[PDB]
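Peer 1: The structure follows.
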Amino acid sequence: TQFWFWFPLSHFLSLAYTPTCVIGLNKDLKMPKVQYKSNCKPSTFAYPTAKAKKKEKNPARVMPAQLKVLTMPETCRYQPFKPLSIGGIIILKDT
Amino acid sequence: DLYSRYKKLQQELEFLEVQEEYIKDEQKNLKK
Amino acid sequence: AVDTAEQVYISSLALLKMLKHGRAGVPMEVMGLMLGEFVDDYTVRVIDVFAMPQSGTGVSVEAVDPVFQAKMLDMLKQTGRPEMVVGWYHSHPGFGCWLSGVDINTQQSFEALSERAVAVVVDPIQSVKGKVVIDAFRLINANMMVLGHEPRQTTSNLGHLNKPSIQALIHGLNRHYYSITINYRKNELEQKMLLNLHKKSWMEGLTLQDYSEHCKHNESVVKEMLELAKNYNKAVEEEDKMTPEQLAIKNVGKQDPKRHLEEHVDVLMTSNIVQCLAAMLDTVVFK
Amino acid sequence: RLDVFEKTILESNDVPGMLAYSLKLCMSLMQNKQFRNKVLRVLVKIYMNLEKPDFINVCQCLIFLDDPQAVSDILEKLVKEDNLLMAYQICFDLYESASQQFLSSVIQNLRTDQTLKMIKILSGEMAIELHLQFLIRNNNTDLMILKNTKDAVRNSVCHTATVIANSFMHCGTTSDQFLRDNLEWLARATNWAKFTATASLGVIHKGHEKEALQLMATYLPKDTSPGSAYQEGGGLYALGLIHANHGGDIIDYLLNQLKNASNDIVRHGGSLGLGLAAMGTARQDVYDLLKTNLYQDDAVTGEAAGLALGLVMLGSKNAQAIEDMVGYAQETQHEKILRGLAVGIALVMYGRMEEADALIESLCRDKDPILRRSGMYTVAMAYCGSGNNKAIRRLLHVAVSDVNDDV
Ligand SMILES: [Zn+2]
């Protein structure tokens, strides 16, 4: 907010940027491969339908309002056991 | 819902307190 | 050129010396030197102002008598504070205060002694009560027009400089001149005793004296202006009763037809002065 | 009351999560911390006495109540329990939520498999490099935008906006393509867009542990020695932009580089980066050199000290630090020292809700416009998220009354 009196204070704004990505990891490092669904329409997902598709972990980018329209993959192999209501790193449990 | 619908009204009571205090000092300041 | 943050400090005596000496010699630009302390790169602190003597009877012409320098600084050495000269000033009394050709002429000769000796312009005419108008400047070279002129640290000061501002010719003198912000710090001792002076010494000595004099007015002089008030509040009234009639006559509230108005509110405020100073009678006279 | 509330949660009702969204209600409208803990501490007694295993609620109270021993208790029980799948969520949300003193105080309780796990979960670097991997594999940008905002050439401050913009759209990508494509337009402004460029280098490299020092070894000041002052002074600032919120060999790296250095051109990036990596960490041995940085008797390094002297002591209110700051920033002749220490005394008090008010009244008292503005920043920072109407009265009141514009 106060950047006149020290012009390098335009640089602290990088620390304001936060991760918004839907992650999930089955061990400390292992990446499985899975794609789960969303309930919305495929045009609001854009960042320049029956379901949208996300990533398997890199993780997928996400909207803070699309955090509830996701659904854990009921038919694929790897399933997040914990209720997934935000992005970030969680468990992706194999059955 | 009445716990929420009763507790959230205290905020608006506090707000009307604030602005009723505030416009008095604004009115006094604007003549200066 | 290579710039810094733009900031000029003051002394409270400075502004008063500026206005007095620029008023007492008004139609000719009156030379004056400026005295203070270069504290750092970007703030300059004037603390003292002494005016220069005058000469032959012509506009804008200026001089620095070095024996006056030696003797004045010698007196300020035997005065409690000797310090370094920081620049100078004069007035542009009839206009929007830009440094003239003679001003930049003495500036290119005066700049070889000090870097940031800031030229300041007081104006005792374009200020009435809510303007200083303090107006200081800084000269640019011509050798460094191959290079840029534009670091301008603490950007707020420049955007603040463009608002107190007018002309086509100031706009033509953003070359050769870039100004510098002036601000004011006030001793709370000095602020409170100037408040003493000008919220207490406009009331007069022993403080009973003029209010008992108002009590002297309230039984000898007020009845004459009460007769004037009563004659006004008959004569104005029998024609301002035509006014809501004619409001019903002409239109719903259209443009201004003619001269007169109600004007009664002022006469009633004078009557309120009558009643408050009549209230003063019991309070002062008894006990 | 605590125990009749304990009776209401000991009922014969089908309660999946009434004891979770009522806790959301407990976090939403709470009067004081004196009552929040009194509600919260027996709820997790009934949770660890509840038949179903539940970890989100004990995680919730854990990050709330700031206990460096109960987290070690349930982590001991889940490592003893021998399932790292359930000892996962608590550990990584643990690293996510709370402060550095909390994790760096429970790390002793975790080393009081089990030795590798605490390194996995409390260092927590791999989550940052995981999202950094997302940021390098995911690149959805445009150069044409910067072409349109590039060919509006003016020699002005605009250079800083352009380099901060292409550091904005290239955060976490660790790519210097705007040091690849042009070399003379970068070299147009003097010393300040150059500090901004050598710090935009660090803006590209947020949370970047691996190639940090060896990527900025081009701009280490002891070898190349450029004629520009802040150009060689910006390397340590970019390093602190990299390693913010965490302390490593950067503390012990800059701690002797701020001793033996150039004049007050390098300290401005050095102490900023050092207290930025040590932000909220309460490190005493950077506060030590920040003392002589304060008493340099110069305000351009007075702002170095003014940022860092609060940065190292975020949310701590060291009662001698307040004394140091307000007792140096009254007799000074400058103003950068005043405003830097204004930000610092605002930054040292953070989330106290009543405990700042003795200072707040004192900062309201002074005739200094800078110090009244400082009290405004202090009541802004000590009340983050406070919906209480104690601050707002005097806050907006002096927003009416005071004569300076900046306040
Ligand atoms: Zn002139």
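All residue numbers given for chain C refer to Swiss-Prot; the residues shown span 24-310 in order.
Just so you know, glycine gets a Cβ as well, placed from its N, Cα and C.
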Peer 1: Which of these ranges is annotated motif 'JAMM motif' in Swiss-Prot: C:113-126, C:183-196, C:197-210, C:211-224?
Peer 2: C:113-126
Peer 1: Which one of C:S78, C:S150, C:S243 gets the tag phosphoserine in Swiss-Prot?
Peer 2: C:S150
Peer 1: Taking only the Cα atoms, work out how far C:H113 (Zn(2+) binding site) lies from C:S150 (phosphoserine), in Å, as a whole number.
Peer 2: 15
Peer 1: Roughly how many Å lie between the Cα atoms of C:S150 (phosphoserine) and C:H115 (Zn(2+) binding site), rounded to a whole value?
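Peer 2: Counting only the Cα atoms, the answer is 12 Å.
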Peer 1: Looking only at residues six or more beyond either end of the motif 'JAMM motif' (C:113-126), which have a C-beta under 8 A from one in the stretch?
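Peer 2: Distant contacts of the motif 'JAMM motif' (C:113-126): 45, 49-50, 52-55, 83-85, 142, 144-149, 156, 158, 160, 189-190, 192-193, 196, 200.
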Peer 1: For the Zn(2+) site given as C:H113, C:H115, C:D126, which other residues of the same chain have their Cβ within 8 Å of the site's Cβ centre?
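Peer 2: My list of surrounding residues reads C:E52, C:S83, C:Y112, C:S114, C:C120, C:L122, C:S123, C:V125, C:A142, C:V144.
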Peer 1: Which recorded positions of C:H115, C:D126, C:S150, C:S224, C:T266 contact ligand 1 in the sense of C-beta under 6 Å?
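Peer 2: Near the molecule: C:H115, C:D126.
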Peer 1: Let me know how many other Cβ atoms fall within 10 Å of the Cβ of C:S150 (phosphoserine).
Peer 2: 14
Peer 1: Could you give me three numbers for the domain 'MPN' (C:31-166), the DSSP helix, strand and coil residue counts?
Peer 2: 36 helix, 33 strand, 67 coil
